[PDB]
Amino acid sequence: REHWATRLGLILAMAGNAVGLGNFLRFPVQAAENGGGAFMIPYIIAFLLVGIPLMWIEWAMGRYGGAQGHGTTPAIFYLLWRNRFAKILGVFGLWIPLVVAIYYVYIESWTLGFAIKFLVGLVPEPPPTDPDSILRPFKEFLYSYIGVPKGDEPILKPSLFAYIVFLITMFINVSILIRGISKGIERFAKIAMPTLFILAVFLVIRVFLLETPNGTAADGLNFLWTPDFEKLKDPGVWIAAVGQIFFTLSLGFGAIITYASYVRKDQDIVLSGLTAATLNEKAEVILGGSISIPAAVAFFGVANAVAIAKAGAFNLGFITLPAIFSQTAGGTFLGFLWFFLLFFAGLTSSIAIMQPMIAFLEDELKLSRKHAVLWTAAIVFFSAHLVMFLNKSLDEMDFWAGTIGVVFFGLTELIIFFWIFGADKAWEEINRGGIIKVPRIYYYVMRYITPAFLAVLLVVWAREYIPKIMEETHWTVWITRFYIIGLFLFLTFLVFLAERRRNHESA
Ligand SMILES: CC(C)C[C@H](N)C(=O)O
Ligand SMILES: [Cl-]
Ligand code: NA
Ligand code: NA
């Protein structure tokens with residue numbers, strides 16, 4: 001079995017796993033729609049009670065399963081709770097990251113294609129003060145890229161260059177992942193994380209030199225870090241906070257478990273996971289929240305910034321920032337820098353959420369690495385046509401997998417590790433091999449505070465919000481569900497195909 005050759009390489013690979021698009025695209029909108037600082041207070045709180053404990057549990061289950069040659073949540077769940085329903089619940093650890101990747105690769109291909117369009121200079125030409133006259137050309141640019149429909153049919157029709165860039169993005173993912181751990185993700189993280197940091201800091205410095213009659217870049221920072229105690233009683237704020245914390249730290253996708261499987265049994269995971277979390281957070285609030293929000297605020301006031309944020313998720317990342325850069329000297333090169341930063345971010349995160357399936361095919365089906373990688377590729381590439389051509393088929397995938405399945409699977413793996421596999425035993429498993437020891441106070445949070453807190457949050461979530469999706473939506477969403485549910489069944493079948501061949505090799 002392969003291993004992280006360099007400790008630093010392990011840390012950088014886990015960072016690139018965590019440091020992705022949620023640090024640069026999701027978090028700005030998440031903070032803008034939720035009163036800014038009013039959203040920071042839960043984000044901080046839920047970072048201590050949910051982020052770090054689930055991080056350490058992810059790492060512990062990963063190292064435990066990897067010591068016994070299993071880097072997937074079905075096998076590891078069977079190794080923590082010996083039952084068939086354990087394997088059934090572990091199937092989610094392969095279903096969630098796959099469904100996430102199905103559209104994560106598409107958005108990463110968006111970033112790559114936009115970087116190419118900006119580098120070659122094939123960009124819109126905004127005529128020289130009306131904000132609509134500047135937000136309109138880049139809006140139509142994004143629409144010409146992804147091919148959003150125009151009439152009544154919810155049928156996407158992406159540009160040919162977009163499909164070509166998607167092919168190139170999948171092929172780049174394949175060329176990276178075909179070289180394993182110590183030769184592929186490690187030597188790529190060692191190169192991408194410094195470049196990512198450099199680009200982020202350069203764009204931060206460039207954004208801070210922006211001033212308009214609608215304010216300066218400091219106003220967005222103020223609104224971001226100005227709390228508002230009038231909103232801590234809104235459960236939607238806490239819902240969004242814990243969801244974003246699950247997302248930005250890869251918590252609940254089973255990918256951190258997958259990388260932790262390649263950790264040598266004796267090497268540290270406590271300080272490792274804490275370091276990865278701290279690096280991702282420093283890349284989030286210090287950098288990601290200090291580029292989009294300050295520019296949008298300085299250019300349109302907090303009111304119109306929140307308006308653009310509530311308009312859509314890509315209004316800020318794919319429209320607002322390029323429209324603002326088109327107003328500055330060398331702004332085409334600046335948008336190229338921004339999109340290239342996003343491309344490496346999505347790259348280091350997407351090569352991380354596609355590893356559980358290959359680990360399953362290698363460890364549980366005894367497939368060669370090349371064939372496992374190529375079949376997982378073909379699966380993702382084919383299934384991505386459902387997201388590329390069916391309108392609003394990405395939102396359902398992100399909801400059930402990246403938004404609902406994450407909290408569900410986090411609670412599940414928490415109850416499995418501590419409440420089932422053994423609170424004392426799993427606590428020791430976390431504290432074993434660690435350079436530093438896990439604080440005594442997080443034992444109670446892991447076993448008592450985190451499950452009850454997440455349970456109350458999930459109760460409020462399911463009681464006051466979900467029934468709006470299973471009714472007030474277009475019928476085409478079923479096409480996605482009918483597929484993704486049918487993608488779950490498929491995986492279970494392979495799980496069966498695992499537990500049967502294991503009864504054959506021993507014979
Ligand atoms: C699913 C994860 C890889 C997401 C990533 N941590 C991000 O913030 O974009
Ligand atoms: Cl295009
Ligand atoms: Na992140
Ligand atoms: Na990443």
# chains A, B, ... in the order shown; residues from 1 in each chain; ligands from 1

$ residues_near_ligand --ligand "ligand 2" --cutoff "8 Å" --atoms "only C-alpha atoms and all ligand atoms" --output "PyMOL selection string"
chain A and resi 113+141-142+144-146+158-162

$ closest_atom_pairs --of "chain A" --to "ligand 1" --cutoff "7 Å" --atoms "only C-alpha atoms and all ligand atoms" --output "tab-separated table"
residue	atom	partner	partner_atom_place_in_ligand_line	distance
A:17	CA	ligand 1	3 (C)	5.3
A:18	CA	ligand 1	6 (N)	3.7
A:19	CA	ligand 1	6 (N)	5.2
A:20	CA	ligand 1	9 (O)	3.4
A:21	CA	ligand 1	9 (O)	3.4
A:22	CA	ligand 1	8 (O)	3.2
A:23	CA	ligand 1	8 (O)	4.8
A:247	CA	ligand 1	4 (C)	5.0
A:248	CA	ligand 1	8 (O)	3.4
A:249	CA	ligand 1	6 (N)	4.8
A:250	CA	ligand 1	2 (C)	4.2
A:253	CA	ligand 1	1 (C)	6.6
A:346	CA	ligand 1	9 (O)	6.8
A:349	CA	ligand 1	3 (C)	4.4
A:350	CA	ligand 1	3 (C)	6.3
A:352	CA	ligand 1	3 (C)	6.5
A:353	CA	ligand 1	3 (C)	5.9

$ select_by_dssp --residues "segment 158-230 of chain A" --states "strand (DSSP E or B)" --output "ChimeraX atom specification"
/A:211-212,215-216

$ residues_around --residues "segment 296-300 of chain A" --least-positions-apart "3" --cutoff "9 Å" --atoms "only C-alpha atoms" --output "PyMOL selection string"
chain A and resi 131+210-221+223+291-293+303-306+308+316+320-321+324

$ write_last_selection --atoms "N, CA and C atoms" --output "tab-separated table (two decimals), in the first residue's frame"
chain	number	residue	atom	x	y	z
A	131	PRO	N	-24.28	50.52	-13.52
A	131	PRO	CA	-23.82	49.17	-13.18
A	131	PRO	C	-24.42	48.08	-14.05
A	210	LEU	N	-8.42	49.65	-4.48
A	210	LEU	CA	-9.60	50.02	-5.25
A	210	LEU	C	-10.44	51.00	-4.45
A	211	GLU	N	-10.79	52.12	-5.08
A	211	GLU	CA	-11.59	53.15	-4.44
A	211	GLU	C	-12.51	53.79	-5.47
A	212	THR	N	-13.78	53.89	-5.13
A	212	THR	CA	-14.83	54.45	-5.97
A	212	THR	C	-15.67	55.39	-5.13
A	213	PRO	N	-16.54	56.18	-5.76
A	213	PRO	CA	-17.46	57.01	-4.98
A	213	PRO	C	-18.39	56.22	-4.08
A	214	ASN	N	-18.55	54.92	-4.31
A	214	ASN	CA	-19.39	54.07	-3.48
A	214	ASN	C	-18.63	53.43	-2.33
A	215	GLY	N	-17.45	53.94	-2.00
A	215	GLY	CA	-16.68	53.48	-0.86
A	215	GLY	C	-15.34	52.90	-1.28
A	216	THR	N	-14.63	52.36	-0.29
A	216	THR	CA	-13.34	51.73	-0.48
A	216	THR	C	-13.44	50.24	-0.18
A	217	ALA	N	-12.33	49.53	-0.39
A	217	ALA	CA	-12.30	48.09	-0.13
A	217	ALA	C	-12.46	47.77	1.35
A	218	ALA	N	-12.19	48.73	2.24
A	218	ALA	CA	-12.30	48.48	3.67
A	218	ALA	C	-13.74	48.35	4.13
A	219	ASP	N	-14.70	48.92	3.38
A	219	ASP	CA	-16.10	48.87	3.80
A	219	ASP	C	-16.63	47.44	3.77
A	220	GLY	N	-16.25	46.67	2.75
A	220	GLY	CA	-16.65	45.27	2.71
A	220	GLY	C	-16.07	44.48	3.86
A	221	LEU	N	-14.81	44.74	4.21
A	221	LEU	CA	-14.20	44.08	5.36
A	221	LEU	C	-14.93	44.45	6.65
A	223	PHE	N	-18.14	45.41	6.99
A	223	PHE	CA	-19.43	44.70	7.02
A	223	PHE	C	-19.25	43.21	7.26
A	291	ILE	N	-11.65	39.52	-1.00
A	291	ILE	CA	-11.47	39.82	-2.41
A	291	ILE	C	-12.82	40.13	-3.04
A	292	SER	N	-13.75	39.18	-2.98
A	292	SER	CA	-15.05	39.35	-3.62
A	292	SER	C	-15.89	40.39	-2.88
A	293	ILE	N	-16.07	40.20	-1.57
A	293	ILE	CA	-16.90	41.13	-0.79
A	293	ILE	C	-16.35	42.55	-0.82
A	303	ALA	N	-25.83	47.54	0.04
A	303	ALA	CA	-27.17	47.17	-0.42
A	303	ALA	C	-27.12	46.41	-1.73
A	304	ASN	N	-26.48	46.99	-2.75
A	304	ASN	CA	-26.40	46.31	-4.04
A	304	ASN	C	-25.47	45.11	-3.99
A	305	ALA	N	-24.50	45.09	-3.07
A	305	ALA	CA	-23.68	43.90	-2.91
A	305	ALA	C	-24.52	42.73	-2.42
A	306	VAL	N	-25.34	42.96	-1.39
A	306	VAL	CA	-26.24	41.92	-0.91
A	306	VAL	C	-27.27	41.56	-1.97
A	308	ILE	N	-26.78	41.59	-5.32
A	308	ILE	CA	-26.08	40.73	-6.27
A	308	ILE	C	-25.83	39.35	-5.66
A	316	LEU	N	-21.43	36.80	-8.02
A	316	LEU	CA	-20.24	37.43	-7.46
A	316	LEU	C	-18.97	36.91	-8.11
A	320	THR	N	-19.51	39.55	-11.09
A	320	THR	CA	-19.17	40.79	-10.39
A	320	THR	C	-17.67	41.08	-10.45
A	321	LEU	N	-16.84	40.10	-10.11
A	321	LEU	CA	-15.40	40.31	-10.09
A	321	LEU	C	-14.82	40.57	-11.47
A	324	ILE	N	-15.82	44.09	-12.40
A	324	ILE	CA	-15.04	45.08	-11.67
A	324	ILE	C	-13.63	45.17	-12.23

$ residues_around --residues "residue 156 of chain A" --least-positions-apart "5" --cutoff "12 Å" --atoms "only C-alpha atoms" --output "number ranges by chain"
A: 143-151, 385-394

$ residues_around --residues "residue 347 of chain A" --least-positions-apart "2" --cutoff "12 Å" --atoms "only C-alpha atoms" --output "PyMOL selection string"
chain A and resi 13+16-21+101+104-112+169-177+185+188-189+192-193+196+339-345+349-354

$ closest_residue --among "A:96, A:32, A:80, A:191" --to "residue 413 of chain A" --atoms "only C-alpha atoms"
A:80

$ closest_residue --among "A:301, A:317, A:97, A:486" --to "residue 403 of chain A" --atoms "only C-alpha atoms"
A:97

$ select_by_dssp --residues "segment 150-303 of chain A" --states "helix (DSSP H, G or I)" --output "ChimeraX atom specification"
/A:160-177,181-207,217-224,235-248,255-261,270-284,288-290,292-303

$ write_last_selection --atoms "C-alpha atoms" --output "mmCIF file, in the first residue's frame"
data_model
loop_
_atom_site.group_PDB
_atom_site.id
_atom_site.type_symbol
_atom_site.label_atom_id
_atom_site.label_comp_id
_atom_site.auth_asym_id
_atom_site.auth_seq_id
_atom_site.Cartn_x
_atom_site.Cartn_y
_atom_site.Cartn_z
ATOM 1 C CA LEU A 160 -18.622 23.707 -27.794
ATOM 2 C CA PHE A 161 -15.545 25.299 -26.215
ATOM 3 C CA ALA A 162 -17.071 24.605 -22.792
ATOM 4 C CA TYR A 163 -17.418 20.892 -23.582
ATOM 5 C CA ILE A 164 -13.864 20.845 -24.956
ATOM 6 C CA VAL A 165 -12.552 22.450 -21.761
ATOM 7 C CA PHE A 166 -14.548 19.917 -19.737
ATOM 8 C CA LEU A 167 -12.852 17.116 -21.683
ATOM 9 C CA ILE A 168 -9.462 18.731 -21.035
ATOM 10 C CA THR A 169 -10.258 19.130 -17.328
ATOM 11 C CA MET A 170 -11.239 15.469 -17.003
ATOM 12 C CA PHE A 171 -8.091 14.454 -18.887
ATOM 13 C CA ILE A 172 -5.948 16.618 -16.586
ATOM 14 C CA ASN A 173 -7.596 15.030 -13.541
ATOM 15 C CA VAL A 174 -6.834 11.621 -15.065
ATOM 16 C CA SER A 175 -3.205 12.516 -15.799
ATOM 17 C CA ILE A 176 -2.768 13.696 -12.204
ATOM 18 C CA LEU A 177 -4.560 10.816 -10.470
ATOM 19 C CA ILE A 181 -0.312 9.249 -3.894
ATOM 20 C CA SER A 182 3.391 9.872 -3.281
ATOM 21 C CA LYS A 183 3.944 10.621 -6.988
ATOM 22 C CA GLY A 184 0.654 12.270 -7.966
ATOM 23 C CA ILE A 185 -1.261 14.245 -5.349
ATOM 24 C CA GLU A 186 1.812 14.922 -3.193
ATOM 25 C CA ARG A 187 4.114 16.319 -5.890
ATOM 26 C CA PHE A 188 1.154 18.278 -7.276
ATOM 27 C CA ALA A 189 0.134 19.786 -3.929
ATOM 28 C CA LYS A 190 3.759 20.775 -3.249
ATOM 29 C CA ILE A 191 3.501 22.900 -6.412
ATOM 30 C CA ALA A 192 -0.118 24.084 -6.380
ATOM 31 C CA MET A 193 -0.518 25.223 -2.764
ATOM 32 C CA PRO A 194 2.335 27.800 -2.887
ATOM 33 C CA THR A 195 1.061 29.094 -6.238
ATOM 34 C CA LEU A 196 -2.481 29.259 -4.847
ATOM 35 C CA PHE A 197 -1.290 31.258 -1.833
ATOM 36 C CA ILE A 198 0.770 33.616 -4.017
ATOM 37 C CA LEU A 199 -2.134 34.307 -6.379
ATOM 38 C CA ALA A 200 -4.563 34.823 -3.491
ATOM 39 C CA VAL A 201 -2.299 37.313 -1.710
ATOM 40 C CA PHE A 202 -1.552 39.175 -4.949
ATOM 41 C CA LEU A 203 -5.266 39.546 -5.686
ATOM 42 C CA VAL A 204 -5.868 40.679 -2.089
ATOM 43 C CA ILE A 205 -3.223 43.399 -2.421
ATOM 44 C CA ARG A 206 -4.635 44.439 -5.798
ATOM 45 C CA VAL A 207 -8.210 44.588 -4.475
ATOM 46 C CA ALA A 217 -12.300 48.093 -0.127
ATOM 47 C CA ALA A 218 -12.298 48.480 3.669
ATOM 48 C CA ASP A 219 -16.095 48.867 3.800
ATOM 49 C CA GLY A 220 -16.648 45.271 2.709
ATOM 50 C CA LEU A 221 -14.203 44.083 5.362
ATOM 51 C CA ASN A 222 -16.039 46.149 7.983
ATOM 52 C CA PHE A 223 -19.425 44.704 7.016
ATOM 53 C CA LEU A 224 -17.910 41.208 6.958
ATOM 54 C CA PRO A 235 -31.795 29.046 12.717
ATOM 55 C CA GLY A 236 -31.153 29.519 8.996
ATOM 56 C CA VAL A 237 -27.957 31.381 9.883
ATOM 57 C CA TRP A 238 -26.690 28.416 11.905
ATOM 58 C CA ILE A 239 -27.834 26.022 9.169
ATOM 59 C CA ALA A 240 -25.798 27.897 6.560
ATOM 60 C CA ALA A 241 -22.853 28.193 8.962
ATOM 61 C CA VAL A 242 -22.591 24.491 9.786
ATOM 62 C CA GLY A 243 -23.210 23.584 6.141
ATOM 63 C CA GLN A 244 -20.390 25.856 5.000
ATOM 64 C CA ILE A 245 -18.133 24.415 7.710
ATOM 65 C CA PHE A 246 -18.902 20.887 6.506
ATOM 66 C CA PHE A 247 -18.197 22.000 2.937
ATOM 67 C CA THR A 248 -14.965 23.983 3.336
ATOM 68 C CA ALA A 255 -12.424 12.096 1.393
ATOM 69 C CA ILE A 256 -10.486 13.091 4.511
ATOM 70 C CA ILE A 257 -10.907 9.488 5.674
ATOM 71 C CA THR A 258 -9.556 8.431 2.280
ATOM 72 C CA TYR A 259 -6.367 10.508 2.482
ATOM 73 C CA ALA A 260 -5.958 9.553 6.143
ATOM 74 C CA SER A 261 -6.002 5.910 5.036
ATOM 75 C CA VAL A 270 -4.128 15.295 15.487
ATOM 76 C CA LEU A 271 -1.681 18.092 14.708
ATOM 77 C CA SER A 272 -1.990 17.180 11.017
ATOM 78 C CA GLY A 273 -5.755 17.664 10.903
ATOM 79 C CA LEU A 274 -5.589 20.772 13.074
ATOM 80 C CA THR A 275 -2.940 22.241 10.760
ATOM 81 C CA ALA A 276 -4.976 21.456 7.644
ATOM 82 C CA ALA A 277 -8.089 23.027 9.178
ATOM 83 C CA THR A 278 -6.197 26.150 10.264
ATOM 84 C CA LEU A 279 -4.631 26.529 6.809
ATOM 85 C CA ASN A 280 -8.018 26.184 5.109
ATOM 86 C CA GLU A 281 -9.551 28.753 7.467
ATOM 87 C CA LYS A 282 -6.694 31.209 6.907
ATOM 88 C CA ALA A 283 -7.223 30.716 3.169
ATOM 89 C CA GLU A 284 -10.980 31.301 3.644
ATOM 90 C CA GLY A 288 -11.412 34.563 0.128
ATOM 91 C CA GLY A 289 -13.614 36.919 2.116
ATOM 92 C CA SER A 290 -11.227 39.806 1.400
ATOM 93 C CA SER A 292 -15.051 39.355 -3.616
ATOM 94 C CA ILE A 293 -16.896 41.127 -0.793
ATOM 95 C CA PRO A 294 -14.573 44.190 -0.622
ATOM 96 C CA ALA A 295 -14.598 44.714 -4.398
ATOM 97 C CA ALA A 296 -18.369 44.292 -4.710
ATOM 98 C CA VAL A 297 -18.975 46.581 -1.728
ATOM 99 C CA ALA A 298 -16.531 49.295 -2.821
ATOM 100 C CA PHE A 299 -18.158 49.281 -6.255
ATOM 101 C CA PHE A 300 -21.883 49.081 -5.448
ATOM 102 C CA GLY A 301 -22.584 49.744 -1.757
ATOM 103 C CA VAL A 302 -23.549 47.070 0.767
ATOM 104 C CA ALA A 303 -27.171 47.174 -0.417
#

$ atom_distance --atom1 "atom CA of residue 53 of chain A" --atom2 "atom CA of residue 461 of chain A"
21.6 Å

$ residues_around --residues "segment 262-266 of chain A" --least-positions-apart "6" --cutoff "12 Å" --atoms "only C-alpha atoms" --output "NGL selection string"
:A and (1-7 or 9-11 or 13-14 or 59-72 or 180-182 or 185-186 or 255-256 or 272-273 or 355-356 or 359 or 429-435)
